[PDB]
Structure formats: structure tokens, C-alpha cells
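Below: one structure, written as C-alpha cells.
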Amino acid sequence: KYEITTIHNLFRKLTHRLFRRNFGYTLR
């Protein structure tokens with residue numbers, strides 16, 4: 001339950017807003 005089910009809570013901003021500026025995809 002870390003993929004997205006809960007990731008949405010850890011997401012810095014929203015989902016893909018600025019998840020490519022410094023931290024690409026930490027959910028992987």
C-alpha cells in the first residue's frame with residue numbers, strides 16, 4: 001500500500017506536478 005494508495009499522502013505536491021524537478025519517482 002505504498003504505490004499510490006498512500007503515496008498520494010506522501011506526494012510532495014500533488015501527483016506529477018513537480019515530481020520531475022529534483023525527485024523523479026521515489027514511489028518506485
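The way I read the labels, and the way they are meant: chains A, B, ... in the order of the C-alpha cells, residue 1 as the first residue of every chain, and ligand 1 as the first ligand shown, with later ones counted on from there.
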Sel. of helix (DSSP H, G or I) residues, chain A, as number ranges by chain: A: 7-10
Residue subset to file, keeping N, CA, C and O atoms, as an mmCIF file, in the first residue's frame:
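Everything below was put into result24.cif:
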data_model
loop_
_atom_site.group_PDB
_atom_site.id
_atom_site.type_symbol
_atom_site.label_atom_id
_atom_site.label_comp_id
_atom_site.auth_asym_id
_atom_site.auth_seq_id
_atom_site.Cartn_x
_atom_site.Cartn_y
_atom_site.Cartn_z
ATOM 1 N N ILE A 7 0.707 6.827 -1.353
ATOM 2 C CA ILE A 7 1.673 7.769 -1.903
ATOM 3 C C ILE A 7 1.072 9.165 -2.025
ATOM 4 O O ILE A 7 1.737 10.165 -1.755
ATOM 5 N N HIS A 8 -0.192 9.225 -2.432
ATOM 6 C CA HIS A 8 -0.885 10.499 -2.588
ATOM 7 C C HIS A 8 -0.741 11.353 -1.332
ATOM 8 O O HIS A 8 -0.828 12.579 -1.391
ATOM 9 N N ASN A 9 -0.521 10.696 -0.198
ATOM 10 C CA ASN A 9 -0.367 11.395 1.073
ATOM 11 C C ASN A 9 1.064 11.893 1.248
ATOM 12 O O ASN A 9 1.297 12.960 1.819
ATOM 13 N N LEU A 10 2.021 11.114 0.755
ATOM 14 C CA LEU A 10 3.431 11.476 0.857
ATOM 15 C C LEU A 10 3.833 12.420 -0.271
ATOM 16 O O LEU A 10 4.795 13.179 -0.145
#
Long-range neighbours of residue 16 (chain A) as a list in words, 12 Å cut-off, only C-alpha atoms, 5 positions minimum in chain: residues 4, 7, 8, 11, 21, 23, 24, 25, 26 and 27 of chain A
